[PDB]
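Data first, discussion second: the structure below is written as structure tokens.
What follows draws every value from the coordinates through simple rules; no lab data is involved. With ideal geometry, Cβ positions are generated from the backbone for all residues, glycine too; neighbour counts draw on all protein chains shown.
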Amino acid sequence: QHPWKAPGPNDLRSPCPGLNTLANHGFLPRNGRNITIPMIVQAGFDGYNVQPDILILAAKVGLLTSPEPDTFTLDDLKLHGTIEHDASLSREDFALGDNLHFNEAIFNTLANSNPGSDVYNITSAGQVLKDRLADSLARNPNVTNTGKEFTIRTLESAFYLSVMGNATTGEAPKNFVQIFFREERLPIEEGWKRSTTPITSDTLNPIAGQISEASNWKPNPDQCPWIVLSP
Amino acid sequence: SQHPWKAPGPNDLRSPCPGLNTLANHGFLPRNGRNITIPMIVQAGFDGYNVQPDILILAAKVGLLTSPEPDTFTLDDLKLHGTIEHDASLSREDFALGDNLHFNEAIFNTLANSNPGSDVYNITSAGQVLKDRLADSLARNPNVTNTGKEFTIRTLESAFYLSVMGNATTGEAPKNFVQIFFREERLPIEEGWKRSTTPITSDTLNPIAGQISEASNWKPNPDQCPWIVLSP
Ligand code: HEM
Ligand code: HEM
Ligand SMILES: *[C@@H]1O[C@H](CO)[C@@H](O[C@@H]2O[C@H](CO)[C@@H](O)[C@H](O)[C@H]2NC(C)=O)[C@H](O)[C@H]1NC(C)=O
Ligand SMILES: *[C@@H]1O[C@H](CO)[C@@H](O[C@@H]2O[C@H](CO)[C@@H](O)[C@H](O)[C@H]2NC(C)=O)[C@H](O)[C@H]1NC(C)=O
Ligand SMILES: *[C@@H]1O[C@H](CO)[C@@H](O)[C@H](O)[C@H]1NC(C)=O
Ligand SMILES: *[C@@H]1O[C@H](CO)[C@@H](O)[C@H](O)[C@H]1NC(C)=O
Ligand SMILES: *[C@@H]1O[C@H](CO)[C@@H](O)[C@H](O)[C@H]1NC(C)=O
Ligand SMILES: *[C@@H]1O[C@H](CO)[C@@H](O)[C@H](O)[C@H]1NC(C)=O
Ligand SMILES: [Cl-]
Ligand SMILES: [Cl-]
Ligand SMILES: [Cl-]
Ligand SMILES: [Cl-]
Ligand SMILES: [Cl-]
Ligand SMILES: [Cl-]
Ligand SMILES: [Cl-]
Ligand SMILES: [Cl-]
Ligand SMILES: [Cl-]
Ligand SMILES: [Cl-]
Ligand SMILES: [Cl-]
Ligand SMILES: [Mg+2]
Ligand SMILES: [Mg+2]
């Protein structure tokens, strides 16, 4: 019913492996266009068993990246400073290169994490957050690192652990996480199953909280958290 | 003819916005103030006032943050302090000091009495009102929030009352039209008000808000980061 197909050149994609994977399976429109908030809620439920609370807020902020009244394209979501942030797991900082497309060299840090284990977990996820921020601080003179970016980065790490793995423990098989990022594909052939446990603020926040404590974080002085309001 | 004024009944929801409240009171928006989508705001702003989508779409997307629903808000949701609703309102009390939702004559007194001895409000009077209303909040509200975000919104709101009740090009409005708009949330059609024949856009509003800004004698509160409260 929902086969994987690589996006063609008319097919718009985002910096989000979550939404890109849903589009690549037709849970969202395969062209990544004309997406409403209710379409996000239904796709997150259908693909991942993610519940509306977190999706509705993310989607309302996503709408700010679009000139349209009540839809965005996946490509709109690249707008730097709305949701898109520096120290991404698999994308370059906007200031240093391409903030939109999967990049293997950036992904290397997450790929190689939890060395010697068959899983990623909260400990490895925190170490990756720390290493990816340190890389941005070392190479990007324009890095934006406030409470807003940090909260989002901990919830994004909670999402990859939760959707590709176990939503209760935040432990995920490495091969599922690698396919999710590298191919934006549900690893069904490799044994991945949609969570039987609803994924909610109440499951994600405890995981994001533990990842937070394992990240050793401090905000940049002199930066006010902000949501860029227009493209 | 198709859009008569009716006072809201006791279960009709209203906002801190005379703009949206007036549209609801004429049925350009649902008279009950419920189930408002972004397209409904765009159509109502066009139909009532000849206001174009650019500014309405952004305001409505931020308004959605005040609602727990996927793609609608009520007019009453928009009272959420720190999303759009701000201190030093023209016609409402600060959230910290009282009622941030309902029209209040004692607050409105400053705008009512502005440009003394003239029959119009204009950019100069609008700036003096912004200065006096912020001075009042700084004096009486220990919790006043006064950043570039609240100031920009306050200048655009004053550009809106001048533009919709008056001349969208000059930002001059008849005092009578402005007083009816705030006090009754009614289009003063009986008293001679006509919908702009000139589209009201970011390009007409921003120059007026800019000149109101320069006439406001404004400075930000220094320790405060601009923020949009993301949930109720
Ligand atoms: C449905 C479940 C979701 C999952 C599992 C998910 C997962 C993720 C993950 C793991 C990242 C990190 C990518 C990286 O750092 O390289 C990410 C980033 C992002 N997501 Fe999502 N996401 C979801 C929903 C959403 C929604 C609803 C929106 C917006 C409407 C959104 C917008 C973004 C954006 C703009 C980024 C880029 C942040 C950055 O710069 O890395 N996501 N998402
Ligand atoms: C359509 C034309 C509009 C006009 C002419 C207009 C006009 C105004 C005016 C003059 C005020 C100031 C009230 C005061 O300070 O006492 C105001 C406040 C407000 N407006 Fe609007 N508005 C419009 C559209 C909107 C839209 C689309 C939204 C939200 C979706 C909105 C939300 C608000 C809010 C929340 C306030 C309260 C701010 C405060 O004083 O604390 N307005 N509006
Ligand atoms: C994440 O996985 C790693 C690797 O399995 C865990 O760290 C190891 O924990 C074992 C089991 O107690 C220790 O004996 C090893 O010495 C640890 N190795 C390293 C390099 O850390 C880690 O505990 C896991 N984290 C969570 C929250 O489950
Ligand atoms: C707004 O209206 C006021 C009052 O009419 C204007 O200020 C007056 O301007 C006249 C003629 O230019 C001066 O001679 C008066 O002394 C001013 N009166 C007061 C009360 O100050 C003001 O210029 C108008 N502003 C704009 C931008 O049109
Ligand atoms: C997820 O982890 C919990 C807690 O260890 C476990 O009981 C549950 O069976 C796991 N879920 C699946 C489907 O494996
Ligand atoms: C209007 O809004 C509420 C949510 O606040 C919804 O549950 C209700 O069904 C809607 N009613 C109509 C008539 O659309
Ligand atoms: C100011 O805000 C704080 C935090 O919300 C609140 O507890 C306090 O009562 C407020 N103080 C005044 C005088 O409004
Ligand atoms: C608005 O002001 C302009 C510039 O003075 C004027 O030419 C125009 O006619 C005014 N509009 C109306 C309907 O009076
Ligand atoms: Cl961008
Ligand atoms: Cl930048
Ligand atoms: Cl590691
Ligand atoms: Cl970190
Ligand atoms: Cl299969
Ligand atoms: Cl902005
Ligand atoms: Cl109605
Ligand atoms: Cl409130
Ligand atoms: Cl307050
Ligand atoms: Cl005055
Ligand atoms: Cl908030
Ligand atoms: Mg990024
Ligand atoms: Mg107010």
Looking at segment A:144-175 only, could you name the residues that are over 22 Å from A:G81 (Cβ atoms) and away from ligand 1 (no atom under 12 Å from the Cβ)? A:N166, A:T168, A:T169, A:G170, A:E171, A:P173, A:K174, A:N175
Within segment A:86-133, tally of residues that are closer than 12 Å to A:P15 by Cα and either of a type in the set (A, V, I, L, M, F, W, C) or out of contact with any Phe, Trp or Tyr (no Cβ under 6 Å at 6 or more places or on another chain) (or both): 13
Is one or more of the residues making up segment B:216-231 of a type in the set (A, V, I, L, M, F, W, C) and either free of Cβ contacts under 8 Å to residues at least 60 places away in the same chain or within 16 Å of ligand 11 (Cβ to nearest atom) (or both)? no
Under the condition of being within 18 Å of the chain's Cα centre (by Cα) and part of a loop (DSSP other than H, G, I, E, B), which residue from segment B:200-232 is farthest from B:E85 (Cα to Cα)? B:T201
In segment B:124-138, which residue that is surrounded by 22 or more Cβ atoms within 10 Å (Cβ to Cβ) and of a type in the set (A, V, I, L, M) is nearest to ligand 11 (Cβ to nearest atom)? B:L134
Complete set of residues in segment A:120-143 that are within 13 Å of ligand 1 (Cβ to nearest atom) and not in a loop (DSSP other than H, G, I, E, B): A:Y120, A:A125, A:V128, A:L129, A:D131, A:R132, A:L133, A:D135, A:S136
Could you check how many residues of segment B:29-55 are surrounded by 22 or more Cβ atoms within 10 Å (Cβ to Cβ), out of contact with any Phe, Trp or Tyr (no Cβ under 7 Å at 6 or more places or on another chain) and more than 8 Å from chain A (Cβ to nearest Cβ)? 6
Qualifying residues in segment B:13-44 (those that are under 18 Å from the mean Cα position of the chain (by Cα) and among the polar types (S, T, N, Q)) - the one nearest to ligand 12 (Cβ to nearest atom): B:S15
